[PDB]
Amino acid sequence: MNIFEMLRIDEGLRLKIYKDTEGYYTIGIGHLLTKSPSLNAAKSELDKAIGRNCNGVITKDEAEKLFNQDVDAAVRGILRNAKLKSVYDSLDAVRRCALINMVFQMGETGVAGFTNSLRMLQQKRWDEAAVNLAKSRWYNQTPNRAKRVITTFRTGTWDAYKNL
């Protein structure tokens, strides 16, 4: 199991514009297009992102390309943020996947906001951090996905996805 397969399970693949759990316009493997309410504004972002007139629809290939770029940017964003890089560097390979997943879903800024939980991961207090991470809007809004990420940090194994 690797970051790509992990994120593909959590986000799904959709070749037509769609609204995400938060109601935002998305396409592919979790690629947010705009927080704007206009399907029009979305179709324009989409065409800008792909480099063609898509009319709201893309091919598998295009989805995977956006996915590659987004995971790359998620990693680069962690490495560029001091708070984040320091946790990332302290972690083992599996747990590293878990922090990347959070960053991909909620952006650098958002994850950097989990001050206390980051401190615990850094200290390697797995159970404590799992409990603290569960006290968040994130967990209340998308609980099955959050639990899978949480378990990953708690155990350091891919058990939560070996199901799926």
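Residue indices: 1-based, along the sequence shown.
Engineer: On average, which has the higher Cα B-factor in the deposited entry, 113-121 or 39-47?
Structural biologist: Between 113-121 and 39-47, it is 39-47.
Engineer: Going by the mean C-alpha B-factor recorded in the entry, which is higher: 64-72 or 102-110?
Structural biologist: Taking the mean C-alpha B-factor of 64-72 and of 102-110, the larger value falls to 102-110.
Engineer: Among the candidates 144, 140, 21, 152, give the one with the maximum CA B-factor reported in the record.
Structural biologist: Comparing C-alpha B-factors across 144, 140, 21, 152, the top value belongs to 21.
Engineer: Quick check for you: using the entry's CA B-factors within this chain, is residue 148 in the lowest, middle or highest third?
Structural biologist: Answer is lowest: the recorded C-alpha B-factor places it there.
Engineer: Quick check on the deposited entry: does the C-alpha B-factor of residue 133 sit in the lowest, middle or highest third of its chain?
Structural biologist: According to the entry, residue 133 has a C-alpha B-factor in the chain's middle third.
Engineer: Lowest, middle or highest third of the chain for the C-alpha temperature factor of residue 90?
Structural biologist: For residue 90, whose C-alpha B-factor we compare with every modelled residue in the chain, the answer is the lowest third.
Engineer: Grab the CA temperature factor for residue 164 from the record and place it in the lowest, middle or highest third of its chain.
Structural biologist: Ranked within chain, residue 164 CA B lands in the highest tercile.
Engineer: Going by the recorded CA B-factors, say which third of the chain residue 57 sits in, lowest, middle or highest.
Structural biologist: Middle third of the chain for residue 57's C-alpha B-factor.
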